[PDB]
């Protein structure tokens, strides 16, 4: 009765990896390497308590009332200055996840081609699948998408957009280097193609500098086709659900009109709260997150080097939150997942990151949430798990 009452969209949302992952802060028996849950030590609880009370006492009539679809104006200006655009070109979203939904709505139809990497971000796959697209993929490795494979796709297909995460890809941790960013921009400019650039990990670089985004390079070239997404989730607070999109006025208007119908506007308190927290001392805060994830990455890498047999490969990220692991072809990461849970350690099997399937032997390890010894203890429990499997 219900199964016959649903429309086509109902058959396009079957995957439950996001919501199952979301139920990961147990109570609290789980050494979790699953879910890129930011370092809770980084949460400025006291500052947020202070700022939220003050907003509500002094600006409660704005904080509590319906508000414009585009965002809290001082947040839009803050973001405009940080990114290097005007406020009119910024839309505040209810996380970057909403932004992915909105891009799916404005650009995809049933059977529409969309290009993304294999593997790529699960939330993006989930948001886009809703529209019934044809997923076109290109492999993703340590240094970004395979551009020779892209070249071949582009001779045959015109994707509605390319979805890319040049800086520390979810789930691989891949970093697209500058000359590859440049070639990518050329290929896209030559064909007049649309890029969706998800920069959630922008500030989480372990090197001496971040690379220019595809958005910045496009902007220096005078190319209007890059839609740039950013978030305060990995930098401040996921729970607040505050992010942004930056786009050419025409693309932006479509996104604004779609967001209107999505949730009217992003909760105002949350935006005003993000602003209050960040408007002073943002750089210093950023330098600290950077310090913290570098350390957690180093702890996991050293623990893996000590605990993990050389028959299994894993990446060594230059930023972000993830180590991506590959078992020998023929071992299953879900199998591995069962055993890991029987040691009270969780990770994400790789399957869900692959839009068209495959990737059975792969898995994503997140070092974001646990401190050093929790990382060291989890990896040891994972070492015991993998060794029992390869034996």
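Positions refer to the first chain, counted from 1. The term rigid core refers to the maximal set of C-alpha atoms that superpose within 1.5 Å between the two forms.
Engineer: Between 321-329 and 28-36, which has the larger RMS C-alpha deviation from this form in 4 other deposited structures of this protein after core superposition?
Structural biologist: Once the core is superposed, the stretch further away in 4 other deposited structures of this protein is 28-36.
Engineer: Please compare 1-9 with 381-389 and name the stretch with the higher mean C-alpha B-factor in the deposited structure.
Structural biologist: Comparing 1-9 with 381-389, the higher average CA B-factor belongs to 381-389.
Engineer: Is the mean CA B factor in the deposited entry higher across 295-303 or across 226-234?
Structural biologist: Looking at the record's C-alpha B-factors, the answer is 295-303.
Engineer: Which one of 363, 355, 30, 63 shows the biggest C-alpha B-factor in the PDB entry?
Structural biologist: The C-alpha B-factor peaks, among 363, 355, 30, 63, at 30.
Engineer: Just to confirm, going by the entry's C-alpha B-factors, which of 178, 240, 102, 308 comes out highest?
Structural biologist: Comparing C-alpha B-factors across 178, 240, 102, 308, the maximum falls on 308.
Engineer: Please place residue 132 in the lowest, middle or highest third of its chain by C-alpha B factor as given in the entry.
Structural biologist: Lowest third - that is where residue 132 ends up once the chain's C-alpha B-factors are sorted.
Engineer: What third of the chain, by the recorded C-alpha B-factor, contains residue 315?
Structural biologist: It belongs to the highest third of the chain when residues are ordered by C-alpha B-factor.
Engineer: Would the CA B-factor of residue 155 place it in the lowest, middle or highest third of its chain?
Structural biologist: Within its chain, residue 155 is a middle-third residue by C-alpha B-factor, going by the deposited values.
Engineer: Please place residue 259 in the lowest, middle or highest third of its chain by C-alpha B factor as given in the entry.
Structural biologist: Lowest third, going by the recorded CA B-factors of the chain.
Engineer: Lowest, middle or highest third: which one holds residue 282 when the chain's residues are ordered by CA B-factor from the entry?
Structural biologist: Residue 282: CA B-factor falls in the highest third of its chain.
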